[PDB]
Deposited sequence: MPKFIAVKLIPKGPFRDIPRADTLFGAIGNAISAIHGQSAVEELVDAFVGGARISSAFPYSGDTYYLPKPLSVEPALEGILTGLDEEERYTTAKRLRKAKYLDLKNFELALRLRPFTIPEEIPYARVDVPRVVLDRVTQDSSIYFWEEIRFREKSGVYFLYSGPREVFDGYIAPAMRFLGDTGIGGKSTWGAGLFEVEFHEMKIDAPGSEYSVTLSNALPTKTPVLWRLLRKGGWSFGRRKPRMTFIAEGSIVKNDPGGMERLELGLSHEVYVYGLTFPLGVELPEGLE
């Protein structure tokens, strides 16, 4: 499917490579500052209506990175000493470039990014930041109606820019049709999922890369009114039998 990618060109270092709950938070608060609570309510409606955003991922030059689907972890066996070393380094990798992501979805053989375009510098005093590489940045994907993108997501992102600037282009991901899909966002599942990593925030989130079977995720409102985004950004994924 084709999606709007929103590139974040950073002016200076980052402290969060933000995931989708926080991106929605930021955009929700930004929408209220620009248009008032009614619009936030219109945004939540678009999102419950079908619109989705991913978590943010690194990019470098014209290379887009995506999260390794956990579907391949149980399938790596599909030399004796060559298999042992590689299996572990591939189990460790958190990202894949778009080309090898597409492969990993169809369970075909694929490779790992050699160098990844960011480094967590943790200077002592102690707290840390993310150093981006040259022409390197973070992006996230929007799927949904354009009028919602232009009407809410675009303006919000401009406002949040003023630590970065923003640009966005069409982006295509080829993905196998299947009963099973990866999440490109962190989600609050509705049903118990197939493969996952838990994320703790307090709230329990399925991680990016987890696999679900027809699970849209959900939103939650709370009183501290503020919405927390836990919707799933599904791409189809081929699973091994097991």
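No C-alpha positions are given for the deposited-sequence stretches 1, 80-84, 132-144, 182-193, 233-242, 266-269, 288-289.
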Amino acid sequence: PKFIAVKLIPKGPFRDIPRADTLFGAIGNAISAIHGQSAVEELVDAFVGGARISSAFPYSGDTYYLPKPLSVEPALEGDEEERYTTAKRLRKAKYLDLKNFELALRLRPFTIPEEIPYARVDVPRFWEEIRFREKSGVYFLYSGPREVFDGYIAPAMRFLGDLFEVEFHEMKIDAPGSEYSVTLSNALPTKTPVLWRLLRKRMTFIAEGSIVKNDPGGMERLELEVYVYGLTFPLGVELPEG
From here on, numbers count along this sequence of modelled residues.
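103-111 and 126-134 differ in mean CA B-factor, and the higher of the two is recorded for 126-134.
Taking the mean C-alpha B-factor of each stretch as recorded, 30-38 and 183-191 are not equal, and the higher mean is that of 30-38. Of all the options 163, 141, 72, 157, the entry's greatest CA B-factor is assigned to 163. Remark: of 216, 49, 61, 58, 61 shows the highest value [criterion: C-alpha B-factor in the PDB entry]. Placement of the Cα temperature factor of residue 173 within the chain: middle third of the modelled residues, per the deposited record. Sorting the modelled residues of the chain by their CA temperature factor places residue 225 in the highest third. Residue 148: CA B factor lies in the middle third for its chain, per the PDB record. Residue 98: CA B factor in the middle third of modelled residues in this chain (values from the PDB entry).
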